[PDB]
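These protein sequences, in sequence, are chains A and B.
According to the numbering used here, the first sequence is numbered sequentially starting from 117.
According to the numbering used here, the second sequence is numbered sequentially starting from 130.
Please read the structure below before turning to the comments.
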Amino acid sequence: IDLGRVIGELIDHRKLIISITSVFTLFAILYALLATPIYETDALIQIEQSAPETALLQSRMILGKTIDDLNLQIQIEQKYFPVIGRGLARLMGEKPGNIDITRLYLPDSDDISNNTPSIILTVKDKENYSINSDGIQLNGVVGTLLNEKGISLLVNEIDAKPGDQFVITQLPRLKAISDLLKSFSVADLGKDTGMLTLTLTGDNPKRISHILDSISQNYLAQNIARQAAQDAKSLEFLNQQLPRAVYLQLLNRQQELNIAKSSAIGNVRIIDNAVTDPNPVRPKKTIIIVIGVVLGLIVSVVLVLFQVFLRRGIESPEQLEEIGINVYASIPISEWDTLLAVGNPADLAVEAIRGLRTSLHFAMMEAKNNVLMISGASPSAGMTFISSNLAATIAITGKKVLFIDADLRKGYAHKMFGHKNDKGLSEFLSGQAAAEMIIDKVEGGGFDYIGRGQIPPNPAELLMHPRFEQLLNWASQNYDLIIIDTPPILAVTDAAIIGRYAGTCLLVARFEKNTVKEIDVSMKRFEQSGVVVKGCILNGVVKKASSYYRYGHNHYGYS
Amino acid sequence: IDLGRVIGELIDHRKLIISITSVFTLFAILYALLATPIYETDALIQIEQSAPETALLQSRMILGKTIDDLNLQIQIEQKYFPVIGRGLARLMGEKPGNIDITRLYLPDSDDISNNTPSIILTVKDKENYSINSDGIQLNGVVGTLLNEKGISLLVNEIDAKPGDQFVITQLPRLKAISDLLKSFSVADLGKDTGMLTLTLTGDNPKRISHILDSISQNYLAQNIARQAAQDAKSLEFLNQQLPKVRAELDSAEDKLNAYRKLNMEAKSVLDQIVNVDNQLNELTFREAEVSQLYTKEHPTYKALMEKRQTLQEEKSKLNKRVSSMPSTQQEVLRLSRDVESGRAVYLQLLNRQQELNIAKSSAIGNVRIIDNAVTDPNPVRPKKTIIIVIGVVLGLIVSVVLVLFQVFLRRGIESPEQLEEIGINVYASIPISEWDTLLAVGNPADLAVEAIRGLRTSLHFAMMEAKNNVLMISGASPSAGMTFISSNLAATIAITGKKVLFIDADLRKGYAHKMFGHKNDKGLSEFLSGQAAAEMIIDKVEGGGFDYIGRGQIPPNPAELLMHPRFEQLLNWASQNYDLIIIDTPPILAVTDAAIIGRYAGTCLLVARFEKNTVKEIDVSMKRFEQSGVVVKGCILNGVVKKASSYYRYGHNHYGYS
Ligand SMILES: Nc1ncnc2c1ncn2[C@@H]1O[C@H](COP(=O)(O)OP(=O)(O)O)[C@@H](O)[C@H]1O
Ligand SMILES: Nc1ncnc2c1ncn2[C@@H]1O[C@H](COP(=O)(O)OP(=O)(O)O)[C@@H](O)[C@H]1O
Ligand SMILES: [Mg+2]
Ligand SMILES: [Mg+2]
C-alpha cells in the first residue's frame, strides 16, 4: 500500500464517507440545538481555614434550611410530550410558561417504587385551572385554597397561555436536598485564602441566583449566630448572676456583652452576591459538532479499511496474467430482452466485444475445427451475454454463425432472440426430432440458433450421446463459426462434456465477483477432464480510482 | 494468519461465541438482579486532633454500648429456602416482613462448634405464633412473655403474612460488635479539620440510620457526661463500693469453697437467673444515666421501665421454679447465684470505673451533631452496569480463547490444495448430501450426485490407457466414503448405457447387499471358498441398472481367501462381459485386503474424508499401497462443507445451478 492506493480508496468510497459523516454531524447538530441550556451562577465569600467551611456549606443543615425557605420541594415541569418538544419549542421562540405555588400536599401514596406523588395541572385561562392525578378531574381557582380528595393546593400568578400542562411533584425533602447538592459546588481558589467561590448550575437563570443568595445568607446568619453564642451565654449567665461597685461593674460588663452580641460580625463575609452568567455553560455547541465530525470521519475510515481488506475479487487482468491465464478482453458495464449488439451497436461494451472478435480471429487459427465454447466459473458471470453478442458482431462481417445454447438447465436464449420454443437441442438429443427442425433465425441478428428446448431430467447424460457429436460434425460443414453456450463448470459438469468437441474454449470471469483462485480451479478442472482452455475474458469492468493509482485507465471513449 | 483468516474463523464459530456470551451475560444479569441491595447512611459531627477520636469511635467500648442499647445481638432472618428466594421475592413485589423482639434468651447449648443457638418462628396470625428449636413445638402470643424449657422469648408487633418463617439467633456479643465494626467507618474529610464523617452500610435502610444515630448520640453523651462528671460524686461513689463489693465477692467465694469441701435444670435456671441479674444491674445503670441526661416521658425511658417489668416477671418465674426443687439443689443454686452475681457485678463496676476514668481524660469540648444519619435510597451495591459489562467481556474473551484453541488443534484436511502440494491428484470434491437407499437413485438432482458426475467425467479420461477395465476404490480410515462413492459412481455410470459390475470385496463389514436389496445366499465368499459358481453370485440392483456381487457370509479368513486364484479367474471372466468393474475394499491402514485386491485392478483411487483424515495419513496410505506393488492413481476428497475461512483463504469452489 502507498499514498496512491489510499487516495484511490477514499475517492472510490466517497459516497459512503459523505453519507456517514453527514448523518453523524446531523445528529450532533440536532443534539446541540435541542439540549436544554444550563446556566451557571457564582458568588464570592470571604473568610477571615476554608477546609471545614466547605463541608459545612454542603451539609444537610444549610441546604435543608434553604429547601424549607424557598419551597424547593415543589417541582414544576411544563409538559411537552416528546424528548424534543422542549428544544423545538425554545427554538420556535415561545417563552416558557411558569406558575407560582406556595402550598402543596398530595395524599402521599408512597408505594414500593413511586416515592414521589405527582399530578398534572392544565391551564384554562389566567385564573382557573384543572387538576388530575390518576384521572380524577378537579377544578381550582387562583387565590382560594383547595382541600379536596386528600389534596391541598394553592397556585398563584399563573403566567402561561391556555392549554399548557404542568407536571407537579412534591419530591421528598431528602431528594430535594440531594438534587440541590448535586448542582452546588464550592472551591477555595487559593488553597489558603479566605476566598470561596460558590457555584450553582441550573436551567432557570433567575431561580438559581435566588437559591444561591438564600444559601449564602443562611450560612452567614448561622455563622454570626455561632459567633454571638458565646457572648449571649455569658450575658445570660450575668443576668442569672445579678443579685454596689460590683453591681455597676456587672452592669458595664452586661452592656459590653450586649454590644458584642448585637454586632457579632463573624469571620465570614459576602463579597459577591450571586449573578447568573447569561451564556449557558452547556451544551457546548462547537465541541459537540467537532466531536461529531471527527467521529464520523474515523467511523467512515475504519469501515473503508474493513471493506478494502475483505475484498477478494478480481481487480484487473494483471492478476489473471500473473498466474499464466491469457485475458483476451475486458468488457465494461453497459448501462444502456434484446441483444445489445443490435439495440445500441455504438455502445462501449460492443466495442470491447469487437476487440475480442479481433483477438479471436487470430487465436482461432491452427485450431482443430471451427467450434468455440464459452464457459465460466460461476453463474451470472456474462457467458450468455458475451456469447450472444459475440455471435452478433461476428455475423455482421458477412460470416455464417451458429449459436447453440447447450445450457439445458436455465437457458433463455430463445426468449432473447424471439422464439418458436418447440424442438430445441433436447428434442434432438433424445431422438424425437431432426437436425433440420431445431435451427431458427434471429430477427435483428443474422445468425442461426438452436435453443435448449424443454428442460430434460437428465441433462448431463443427454450430452454424452453421439448424436451431439453428429450434430457438431454436420454443422461444422455448413457454418463458418459455431458458438456453444454452456453452464458453469464449478456448478455442473456439462461444460467439460461439451468441451471435448470444441476446438477453442474460453472462460468468462466476472470483474468483482469471481476470484483468481476460483478461475485457477476452473481451468484445472477443465484440463483434468481432457479440455484445454485457451484463455479468459474479464467482464463487467468499472472504472475505479484505486485501479488508476495501481494499474491505469485501460479504456477510453472515442466518438 | 491475517484479517481474512481470523474473520473467517469468527464467522464459522459464530454459534459457539454467541451461545457462550449469552450464557455469561445471563448469569451476570441474574446475579445483578438477585443480589441483596446494600444501602449506606452517613452523619456529620463537629469536634473542637481527630486522630484519637477516629480510633476511640471504633473501639469495643462505644460499639458495645450501642449493641447493648439496641439489642443488636438478636439476629432475625426471614426464611427463603433456596439461595435465590430472597431476590425473586423482592422482585415479585412482596414486601419483606419483620418482627420486633425485645427479650431473647436461648438455653445456650454452647457445644464445640454451634456457638450461636438458633430457633425458627412461624407466624400463624397477627397475634399468635409458633416456635421450634429442635422439633419441640411451642405456641406463643404477642405481648405475654414465654418462659419454657429454659427459653425466654418476647415478641411485639408481628408484621408479616401467615405462613412466614424466621430464623432467630442470639449471636455472641463480640460477634455482634465485629459485624457492626466491619461495615462502619469514620473519616475526617479534611485530614486536619474538626469535621468527622461517619458512615455505615447495611441491607436495611431504616435500621442502619437508627444504629448510626445511636452511635453519634452515645459519643455526644459520653463527652457531655464527662464535662458534667467533674463535680459529680459518681467517681468517689464507685471508689467506695468497689472494695465493699470485692469483700462481699471474697466472702461468697470462701463460703462456696467451704461448702464444696450438677442437675441440668439446676444449672439452667442458675445461668438464667445470672443473666436476669446482669440485665437488671445494667438496666439500673442505664436508667440512672438516661434519667440524668433525658426525660421520663422520653420513649427510651418508657422502654427501660417496660424491660424492667419484663425482667422482674422473668425473675419471679425463675424464683417460683427454684422454690419447687429439692433443698440440696437450691442450696448449691444459691451458692452459685451469690458467686456469679458477685463476680459479674465486680466486672461491671470495673468497666464503669474504666469508662469514667477514660472519659475524664478527654480533651475535647462539647460535641456538636451537625447532620444526623439519613439513608441514601439508591443502593451502593451491587453495581449492576459494571457487573453486566464484566460479564459481557468475560464471555467474549473466553469464547475467543476457545476458538483459538480449536483452530490451533485442528489437523484435518481443509482443501484439495493441501493434498495437491504433496503431489496427490484430487479428482473430485463430493459435498455433504443432507438429503439404506442409493443417493444417485432417490435424489438424482442432488449436489453430491453432481459432484459424482464430475468425478465420472474425470475418470472417463483417467482410465484410458489402463491395462484393463477394473477400478478399485479404497481409503485410509473406515467410514470415509468408499462404499458411498463406489455405489453412487456405479449408479451414475450405469445410466449412460454402459454395463457395470459392482463387487463388494469387503468381506468383513460390507453392507452393499442390504443397500441394494439382497439375496444374501452365494456372495463372494462362497465363490472363493469353492462352494459356489461364477453365475450364481451375480445379482441385479432394483433402481440401479448394474449388477452386484455381495460379500456373502463373513469368512473367518478374509485376507487368505482373496489370494486364492479363483478371485483372478472371476475378474478375468467378468472383464470380458462388462464395460466397467468397481471393487469396494476395506481401508488400507486397518487391514491388508485392499493391497491384495489391488494387484488385479487397473486403476486405484483413495477416498479422503474432509475434516477427519490428515495429509500425512493419505501420504502413508499411498506409500503403503505403492510398497506392495499397487500404483494409486489419485485421491477423491469427500464430505466437503462450505466455510468462511476457506473462502478468505481459497474461494467458493462449488455452486448450485437449477
Ligand atoms: N457487461 C454487462 N453489461 C450489462 N449487463 C450484463 C453484462 N454482463 C452480463 N450482463 C447482464 O447480467 C445478467 C447475467 O448475465 P448472463 O450471461 O445472462 O448469466 P450466465 O453467465 O450465468 O449465463 C444478464 O441479465 C446480463 O444481461
Ligand atoms: N458425501 C456424503 N454425504 C452424506 N453421507 C455420506 C457421504 N459420504 C459417506 N456418507 C455416509 O456416511 C456413512 C459412512 O460411509 P461408508 O462409505 O459406508 O463407510 P466405509 O467407507 O468405511 O465403507 C455412510 O452411512 C454414508 O452413507
Ligand atoms: Mg447462461
Ligand atoms: Mg465400505
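Don't be surprised by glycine CBs; every beta carbon is placed ideally from N, CA and C.
Cβ neighbour criterion (16 or more within 10 Å) applied to residue i
i: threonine 182/A; result: buried
i: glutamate 169/A; result: buried
i: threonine 157/A; result: buried
i: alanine 618/A; result: buried
i: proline 153/A; result: exposed
i: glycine 547/A; result: exposed
i: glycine 679/B; result: buried
i: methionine 665/B; result: exposed
i: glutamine 299/B; result: buried
i: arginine 232/B; result: buried
i: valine 649/A; result: buried
i: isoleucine 571/A; result: exposed
i: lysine 384/B; result: exposed
For residue j and residue i, believed in contact at Cβ under 8 Å, the rounded distance
i: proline 236/B; j: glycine 279/B; result: 4 Å
i: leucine 653/B; j: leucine 636/B; result: 7 Å
i: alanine 493/A; j: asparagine 655/A; result: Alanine 493/A to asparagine 655/A, Cβ: 11 Å. No contact.
i: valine 570/B; j: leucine 700/B; result: Actually they do not touch by this definition, with Cβ atoms about 26 Å apart.
i: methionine 480/A; j: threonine 620/A; result: 5 Å
i: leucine 316/A; j: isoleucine 327/A; result: 6 Å
i: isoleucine 499/B; j: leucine 173/B; result: 4 Å
i: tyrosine 234/B; j: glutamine 438/B; result: Contact doesn't hold; Cβ gap of about 16 Å is too wide.
i: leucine 237/A; j: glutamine 281/A; result: 7 Å
i: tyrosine 784/B; j: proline 508/B; result: The pair is not a contact, with the Cβ atoms about 59 Å apart (cut-off 8 Å).
i: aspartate 332/B; j: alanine 773/B; result: Rounded, the Cβ-Cβ distance is 50 Å, inconsistent with contact.
Of the listed residues the options, nearest to residue i (C-alpha basis)
i: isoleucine 190/A; options: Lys484/A, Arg289/A and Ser675/A; result: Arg289/A
i: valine 302/A; options: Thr313/A, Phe642/A and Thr620/A; result: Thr313/A
i: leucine 579/A; options: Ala522/A, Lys659/A and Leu421/A; result: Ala522/A
i: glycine 569/A; options: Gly560/A, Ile145/A and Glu543/A; result: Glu543/A
i: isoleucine 228/A; options: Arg219/B, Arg215/B and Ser262/B; result: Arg219/B
i: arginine 398/A; options: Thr137/A, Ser138/A and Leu150/A; result: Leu150/A
i: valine 405/B; options: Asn392/B, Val474/B, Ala620/B and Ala719/B; result: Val474/B
i: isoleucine 710/B; options: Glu418/B, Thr330/B, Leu618/B and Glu416/B; result: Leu618/B
i: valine 522/B; options: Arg215/B, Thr154/B and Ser397/B; result: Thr154/B
i: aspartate 360/B; options: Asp565/B, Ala688/B, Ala161/B and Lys489/B; result: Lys489/B
i: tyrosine 444/A; options: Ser135/A, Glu482/A and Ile490/A; result: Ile490/A
i: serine 475/A; options: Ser135/A, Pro396/A and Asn442/A; result: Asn442/A
i: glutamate 689/B; options: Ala661/B, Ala703/B, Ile725/B and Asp668/B; result: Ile725/B
i: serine 246/A; options: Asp226/A, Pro233/A, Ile520/A and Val271/A; result: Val271/A
i: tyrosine 595/A; options: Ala276/A, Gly562/A and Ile178/A; result: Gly562/A
Chain E within 7 Å of residue i, Cβ atoms only
i: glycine 547/A; result: The chain inventory of the structure shown lacks chain E, comprising the protein chains A and B.
Item checked: Below 7 Å from a heavy atom of ligand 3 - residues by beta-carbon -> Result: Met499/A, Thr500/A, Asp523/A, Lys526/A, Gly527/A, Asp601/A and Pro603/A.
Notebook entry, point to check: According to a CB-to-CB cut-off of less than 9 Å, which residues of the stretch 760–785 of chain B neighbour chain A?
Noted result: Cβ contacts with chain A come from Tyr776, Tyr777, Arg778, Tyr779, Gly780, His781, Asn782, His783, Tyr784 and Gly785.
Next item on the list: Select from the stretch 281–314 of chain B all residues with a C-beta closer than 9 Å to any C-beta belonging to chain A, and list them in chain order.
Entry: Those would be none; no residue qualifies.
Margin query: Output needed in chain order: residues of the stretch 564–594 of chain B with a Cβ under 7 Å from some Cβ in chain A.
Written below: Listed by position along the chain: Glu579, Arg582, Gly583, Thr586, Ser587 and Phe590.
Margin query: Closer than 9 Å between beta carbons: that is the criterion. Which residues of the stretch 607–626 of chain B meet it against chain A?
Written below: Flagged, chain order: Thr621, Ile624, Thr625 and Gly626.
Next item on the list: Note down, in chain order, all residues in the stretch 314–342 of chain B with a beta-carbon under 7 Å from any beta-carbon belonging to chain A.
Entry: Of all residues in the stretch 314–342 of chain B, the ones placed with a Cβ closer than 7 Å to any Cβ belonging to chain A are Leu318, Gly319, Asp321, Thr322, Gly323 and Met324, in chain order.
Next item on the list: Report the residues of the stretch 166–183 of chain B with a CB closer than 7 Å to any CB of chain A, ordered along the chain.
Entry: Only those residues of the stretch 166–183 of chain B whose C-beta falls short of 7 Å from the nearest C-beta of chain A are listed: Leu173.
Next item on the list: Report the residues of the stretch 168–188 of chain A with a CB closer than 8 Å to any CB of chain B, ordered along the chain.
Entry: Taking 8 Å as the Cβ-Cβ cut-off against chain B, the residues of the stretch 168–188 of chain A that qualify are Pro168, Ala171, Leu172, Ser175, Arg176 and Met177.
Checklist line | Residues from the stretch 620–647 of chain A in contact with chain B, defined by Cβ distance under 7 Å | finding: Within the stretch 620–647 of chain A, the residues whose Cβ lies closer than 7 Å to some Cβ of chain B are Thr631, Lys633, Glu634, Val637, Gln644, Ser645 and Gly646, listed in chain order.
Item checked: Residues from the stretch 585–614 of chain A in contact with chain B, defined by Cβ distance under 8 Å -> Of all residues in the stretch 585–614 of chain A, those with a C-beta nearer than 8 Å to a C-beta of chain B are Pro603, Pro604, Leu606, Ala607, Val608, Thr609, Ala612 and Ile613, reading in chain order.
Next item on the list: Name, going along the chain, the residues of the stretch 215–241 of chain A whose beta-carbon falls closer than 7 Å to a beta-carbon of chain B.
Entry: Of all residues in the stretch 215–241 of chain A, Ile228 have a Cβ within less than 7 Å of some Cβ in chain B.
Note to self: Please list, in chain order, the residues of the stretch 417–431 of chain A that have any C-beta partner in chain B closer than 9 Å.
What the structure shows: Listed by position along the chain: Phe422, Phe425, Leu426 and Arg428.
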